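Consider the single chain below, provided in structure tokens and representing the form deposited in one PDB entry.
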């Protein structure tokens, strides 16, 4: 089996450049402003010029202006990045049939019935890696290996504007030389946990006992790391369909007043329904982020689809159920819809 992985480079910031070439060369920073005050939000993306000075996704806009006060701060425009993304996907879908769109900027192509030999694949990369830019002017990275995971790991290493292959021999070298923190699916919390057990390489997962491991990262996660280490990881490429659509907003003031919240919650719902498009959800969750950034949320599932009217109706019950089962003040409130018909 041969998996080819494409990943659009510094995507949001890269699109704002295609749309405004002048920016190419200068530090660009796409961010999300909440509203509580001027320049209050987080950074979503930054091109490499901005990154090499310490600006990366996740940090406070304030903390970034204090580093590159003279950088171009642009507001995020997801609807645009989504359309540009959709065109390229369709552009990718002309190489394989077996295709898995992971996110707005990633995709896995099972280029197996279209190719052989790694060399034959690599070439296919430089190809894809070139039609995209010809037609859309976007630069991407390609990674290719035996399974989904190593193909990604490859692309991570080989970025930016790269292409790279990890044959079966190189995989073996990695299963024992690569930091676990760098395995897809593993994050800060689970990462800073495997240490507490004495694991830093995929290979370690074989030493530790299954029950010990199973109890810090989880049974699913555990089985996942073991499989990669035994080199038994092999998941078919496929589809993936949004199983949930929702929206959350930050209120100008943290509050516990049902009347104050209601308007923000209703804005979330109306926005949510628009995105639902022609999909009927049978479940709904009200979601709230406390001021210490916790997330609490109550939902209800229905034996049939939900109408905006029922949605407006039920959400208020859920918003209360919450306000009761807890004590903290609310900062952000929103809704999520799932179990589509």
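Positions refer to the first chain, counted from 1. The term rigid core refers to the most C-alpha atoms you can superpose between the two forms while keeping them within 1.5 Å.
In this entry, 116 to 124 has the higher mean Cα B-factor, the comparison being between 116 to 124 and 246 to 254. Stretches compared: 219 to 227, 204 to 212. Higher mean C-alpha B-factor in the entry: 204 to 212. Highest CA B-factor among the listed residues (333, 13, 18, 323): 323. The PDB entry assigns the greatest CA B-factor among 271, 169, 79, 156 to 169.
Split the chain's modelled residues into thirds by C-alpha temperature factor. Residue 309 is in the lowest one. Sort the modelled residues of the chain by CA B factor and residue 301 lands in the middle third. Split the chain's modelled residues into thirds by C-alpha temperature factor. Residue 88 is in the lowest one. Residue-level temperature factors show residue 40 in the highest third of its chain, judged at the C-alpha atom.
Split the chain's modelled residues into thirds by C-alpha temperature factor. Residue 105 is in the lowest one.
Here the subject shifts to the form deposited in another entry, a form of this protein not shown in this document.
Lining up the core between this form and the one not shown shows that one residue from 82, 257, 244, 234 moves its Cα 2 Å or more, and that residue is 257. Taking the rigid core as fixed, one finds a CA shift for residue 320 of 2 Å or more between this form and the one not shown.
Once both forms are fitted on their core, a CA shift of 2 Å or more is seen for residue 295 between this form and the one not shown. Residue 198 is among the residues whose C-alpha shifts by 2 Å or more between this form and the one not shown once the rigid core is aligned.
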